[PDB]
Amino acid sequence: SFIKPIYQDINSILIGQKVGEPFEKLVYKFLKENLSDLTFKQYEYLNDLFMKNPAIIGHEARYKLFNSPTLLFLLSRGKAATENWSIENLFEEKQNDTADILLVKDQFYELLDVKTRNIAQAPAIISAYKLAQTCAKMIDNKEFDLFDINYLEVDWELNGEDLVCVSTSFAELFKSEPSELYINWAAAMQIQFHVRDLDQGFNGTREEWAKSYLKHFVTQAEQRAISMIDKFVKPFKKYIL
Amino acid sequence: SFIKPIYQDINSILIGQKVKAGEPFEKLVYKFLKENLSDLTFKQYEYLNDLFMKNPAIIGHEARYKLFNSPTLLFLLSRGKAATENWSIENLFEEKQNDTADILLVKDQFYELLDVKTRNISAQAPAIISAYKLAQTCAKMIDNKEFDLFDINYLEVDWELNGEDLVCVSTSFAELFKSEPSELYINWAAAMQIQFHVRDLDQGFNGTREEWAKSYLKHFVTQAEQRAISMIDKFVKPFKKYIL
DNA sequence: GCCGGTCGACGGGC
DNA sequence: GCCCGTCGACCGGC
Ligand SMILES: [Mn+2]
């Protein structure tokens, strides 16, 4: 995390700003103004990577520029989009992209999401399944010291016509207890939580985090299958008889 | 249906119209219907505001819920205790993008819920209704024998890009209750949404609406059982090896 | 709050 | 095209 060591600073600049989505642009702005050389939006990182490798043409070749199957899986775009890419056909911000912001330096990747809220309902974080896949690849490729998925919550309060930042929170996914992670299966299998109160006491490595998270996903997967029978089958059986 | 009879007209008018998202086409259908079927044509929050406004005596969520005279229709169109509780002429409903129906058409205690879909040409099949929402609707239709009360219909607006602007090329009309229920594709991960292309929706179901409900509920259940099972191969089987 | 279902829009494999 | 995940934004019952 390149953000933790300057989170003091980020908090204080964010506290008192006024406009809740417009808030993440102020996080980007600040980070770009202060960590310029390592601050990227995801489509921007991809553009930079590919521009800097003009000889690397076509999807299969460019897929090799990541030299990480986990990072190829989290950060890369699809075969065709990676094929059709050129200096005249650059990538553009897409919501479907994994990270709000990318911070990279000395081969380390900090995937960062900004979450904005008033004072209610837990946002989508990542597909529980997409995470399981991330973990599997981590473990398979022993990529335990490559990336973090961290979060920044901007808490705002209404004010006339303005919205004002009351406070900020920061959390690191790999510092959380995997089993405390709420999975909303129906809602695109999205892990949901508020950054402000995501547990931060996990005392293992990313390897132990990945194993522990796979245990949780597998567990909940089993639990959902069972829950589906109780919720979606049993009650409706009486109408077929 | 109140638009089935006038569809060649909505089709007449829409085809050939330019727009400089694809969504503003929904805007043109609403304008057309509001003008040619003024009293029937709503938008779920309009009807909601309307139903309550013309009943100033009826106050609070329970009393207002009675206004619907239909468990099944309540389910579809209602806004929940607090929203219904704090509704007034100084706190009217506004359209939410997670309401049931884009457009509501109503005459003589009959309801036509109309969704508008818009598209290019070989696009993703869009969300229709939560398979589970529909499962509850059907059950409610049956528990309460409400088989002649509402239809769920769709209008598809096909556009092609023409330089800066989009030009309506064709349109489609289809009825959910005329589709063969067992053909309805349920995308479980994506909010349990049944997805289909309106244009391709088959319309050869011949039976009571009851038979459609019973037949839908057969599909939903079969599909649910299959999904739960498939979670084991999709989400358990591949990750077991990682358990230490 | 916690839980979890709903509508939208889109990617992206084959 | 079909299949079906992934990210947004949201509701609304306890
Ligand atoms: Mn975001």
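Values reported hereafter were calculated over all heavy atoms of this structure, with side chains retained and with hydrogens, waters and symmetry mates removed. Here is the naming used below: chain letters follow the sequence lines, and residue numbers restart at 1 for every chain.
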Checklist line | Interatomic distance where CZ belongs to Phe193(A) and P belongs to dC3(C) [whole Å] | finding: 14 Å
Note to self: So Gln133(A), base contact, sugar-phosphate only, or nothing? Heavy-atom distance under 4.0 Å.
What the structure shows: sugar-phosphate
Check: Within 45 degrees of the axis of the six-membered ring of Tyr28(A) and under 6.0 Å from its centre: does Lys41(A) put its NZ or CZ there?
Finding: yes
Item checked: Heavy atoms from other residues, nucleotides or ligands near CD of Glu60(A) exceed 12 (cutoff 6.0 Å) -> no
Next item on the list: Answer with yes or no after comparing the ring centroid distance for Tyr45(B) and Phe93(B) against a 6.0 Å cut-off, counting only values under it.
Entry: no
Check: So does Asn98(B) reach the base of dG8(C) with its side chain, donor to acceptor, closer than 3.5 Å?
Finding: no
Check: Of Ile186(B) and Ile126(A), whose closest DNA chain D nucleotide lies nearer the 5' terminus?
Finding: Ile186(B)
Note to self: Over all strands shown, is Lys231(A) touching base, sugar-phosphate only, or nothing at heavy-atom distances under 4.0 angstrom?
What the structure shows: sugar-phosphate
Checklist line | Short side-chain N/O contact from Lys96(B) to OP1 or OP2 of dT6(C), under 4.0 Å | finding: no
Next item on the list: Calculate the interatomic distance between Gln193(B) atom CD and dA9(D) atom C1'; express it in whole Å.
Entry: 14 Å
Checklist line | Phosphate contact (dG5(D) OP1 or OP2) by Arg227(B) side-chain N/O below 4.0 Å | finding: yes
Next item on the list: Take atom CD of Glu183(B) and atom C1' of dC3(D), then tell me their distance rounded to the nearest Å.
Entry: 16 Å
Checklist line | Separation of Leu104(B) CG from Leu113(B) CG (nearest 0.5 Å) | finding: 5.0 Å
Item checked: Closest listed nucleotide, where the reference is the side chain of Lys133(B) and the choices are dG5(C), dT6(C), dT6(D) -> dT6(C)
Check: Counting any heavy atom closer than 4.0 Å, what does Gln44(B) reach on the DNA or RNA strands: base, sugar-phosphate only, or nothing?
Finding: nothing
Note to self: With a cut-off of less than 4.0 Å, is there a side-chain N or O of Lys79(A) near OP1 or OP2 of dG12(C)?
What the structure shows: no
Note to self: Tell me the interatomic distance from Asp115(B), atom CG, to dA9(C), atom P, rounded to whole angstroms.
What the structure shows: 11 Å
Next item on the list: Look at the side chain of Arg79(B) and decide which nucleotide, out of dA9(C), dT6(C), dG12(D), has an atom nearest to it.
Entry: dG12(D)
Notebook entry, point to check: Which whole-number value in Å describes the distance from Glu95(B) CD to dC10(D) P?
Noted result: 13 Å
Check: For the residue pair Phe177(B) and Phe205(B), is the inter-centroid distance of their aromatic rings smaller than 6.0 Å?
Finding: no
Check: Rounded to whole angstrom units, what separation is found between the CD1 atom of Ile194(B) and the P atom of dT6(C)?
Finding: 13 Å
Next item on the list: Nearest whole angstrom, please: distance from the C1' of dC3(C) to the CD1 of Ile125(A).
Entry: 15 Å
Notebook entry, point to check: Should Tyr182(A) be listed as having a side-chain N or O under 4.0 Å from OP1 or OP2 of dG4(C)?
Noted result: yes
Notebook entry, point to check: Of all the choices, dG12(C), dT6(D), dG8(C), which nucleotide is nearest to the side chain of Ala81(A) once you look at every atom?
Noted result: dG12(C)
Item checked: Pairwise 5' ranking along DNA chain D for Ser78(B) and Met189(A), keeping only the more 5' one -> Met189(A)
Check: For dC2(C), does OP1 or OP2 lie under 4.0 Å from any side-chain N or O of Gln192(A)?
Finding: no
Margin query: Between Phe220(B) and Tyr239(A), is the ring centroid distance below 6.0 Å?
Written below: no
Next item on the list: Measure the distance from NE2 on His194(A) to P on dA9(D) and round it to the nearest whole Å.
Entry: 14 Å
Next item on the list: May I ask you to verify if any side-chain N or O of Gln97(B) is less than 4.0 angstrom from the OP1 or OP2 atom of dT6(C)?
Entry: no
